[PDB]
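Residue numbers (the deposited numbering), protein chains in the order written: chain B, 920 to 967; chain A, 533 to 580.
Even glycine gets a Cβ: it sits at the ideal position worked out from N, Cα and C.
Taking it in order: structure first as structure tokens, then the write-up.
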């Protein structure tokens with residue numbers, strides 16, 4: 920149980936390092952932000 | 533000339549409708565009109 924708890928605690932620690940260092944992990948959510956922003960910006964530019 | 537209130541303006545035959553205000557836009561001497569991302573007019577020079 921102490922080994923399994925220490926492995927779980929260490930694995931949650933590695934999530935914080937991954938999310939602090941590596942913004943490209945969230946790319947699936949950032950692309951949903953970018954696509955909806957790009958669609959509105961394209962809709963605005965088509966007024967010109 | 534009226535500012536900070538909604539007005540049906542016309543500058544040099546460019547009609548529109550909006551709140552006119554003074555602005556920080558650094559026009560060069562050859563320019564009379566400024567444009568938005570949409571190519572809608574966005575700033576103007578007063579001809580007087």
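Whether residue i touches residue j by CB criterion (7 Å)
i	j	result
residue 555 of chain A	residue 570 of chain A	no
residue 553 of chain A	residue 536 of chain A	yes
residue 579 of chain A	residue 544 of chain A	yes
Integer Cβ distance of residue i from residue j, believed to fall under 8 Å
i	j	result
residue 562 of chain A	residue 573 of chain A	Incorrect: roughly 17 Å between the Cβ atoms, too far for contact.
residue 548 of chain A	residue 538 of chain A	With 8 Å as the limit, residue 548 of chain A and residue 538 of chain A do not qualify as a contact, their Cβ atoms being about 11 Å apart.
Cα-Cα separation, residue i to residue j
i	j	result
residue 967 of chain B	residue 938 of chain B	41 Å
residue 932 of chain B	residue 951 of chain B	27 Å
residue 927 of chain B	residue 940 of chain B	20 Å
residue 946 of chain B	residue 954 of chain B	12 Å
residue 961 of chain B	residue 936 of chain B	36 Å
residue 964 of chain B	residue 925 of chain B	55 Å
residue 920 of chain B	residue 956 of chain B	48 Å
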